[PDB]
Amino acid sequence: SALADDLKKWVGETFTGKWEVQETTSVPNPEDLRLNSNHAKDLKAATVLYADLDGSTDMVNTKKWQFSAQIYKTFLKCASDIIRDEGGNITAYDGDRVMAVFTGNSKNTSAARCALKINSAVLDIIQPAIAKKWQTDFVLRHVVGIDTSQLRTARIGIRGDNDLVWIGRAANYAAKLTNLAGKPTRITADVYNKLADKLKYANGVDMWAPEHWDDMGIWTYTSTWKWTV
C-alpha cells in the first residue's frame, strides 16, 4: 500500500541521512528536536530510574479488578509524585513501569533517595492502607532500578508527536535491574560511587549491599532501606 511506500522512503532516509547532534545537560523539551529525523541530543551523563510494580500477573489474575486498579493507581501516583519531588523528569509510562531521567550535579544522590522514598511510600503508606481497608495479607512488591551513563535522545511519534526515545547503557540497564526479584532498590556501581555519604550509611550501618552483576561485568548495590517521605 501507499503506507509501505512511505515507510520504505523514510526508513531509507533514516539509515542514509547524516545525523545532527547537540550536547546538553538537561532533558530536552521535545520541541528542541526535529520529529522523525536524524537529530539527537547527547547527554554525557544522565541517571535513569525505573520504578516497576511486581507480581502483576498474580494480582490481575486472582484479584477483583477494583483491588488491582487501586494498587496500580496508588503505586504509580506515589512513585511519580516522589520522582517529581526529587526533580526527576518522567520520560515514559507503560503498565507496571515508570521511567525517569535525573540530571545535574546531584542526580545520583537524588535518584537513589527517590528510590528509597518510593520504598517508604510502599511500605509505610500504601501497605498499611492495603491491610486496613481490604483486610488482606497481600504484600505489594516493587523494584526501582538505577544506572547512570551517556544517553542520546531523539523525538518520535508514538503516543503523540512529543515522545522521546533514549539510546544508551543506563536506559537499558536500569530497566534490566527492575526485572530482577527480591530487592526493592538496585543500582549500578556507577550510581553508588557518586552517592553522598548520607545516602550510604546511617547510624554506622551500611544502607546497601554489594552484588556483582556477572552478566554485565559490573558491581551493583541493593537496598531494602526506606527513606521517610
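Each residue number is its position in the shown sequence, starting from 1.
As recorded in the PDB entry, 24 to 32 is the stretch of 161 to 169 and 24 to 32 with the greater mean C-alpha temperature factor. Of the two stretches examined, 197 to 205 and 40 to 48, the record assigns the greater average C-alpha temperature factor to 197 to 205. When the C-alpha B factors of 56, 70, 188, 185 are read from the deposited coordinates, the top value falls at 56.
Taking the PDB entry at face value, the top CA B factor among 150, 119, 109, 105 belongs to 105. The PDB entry assigns residue 74 a C-alpha temperature factor belonging to the lowest third of its chain's modelled residues. In the PDB entry, residue 91 places in the middle third of its chain by CA B-factor. Sort the modelled residues of the chain by CA B factor and residue 220 lands in the lowest third. Ranked by Cα temperature factor within the chain, residue 181 sits in the highest third according to the deposited record. Among the modelled residues of the chain, residue 146 sits in the lowest third by CA temperature factor in this PDB entry.
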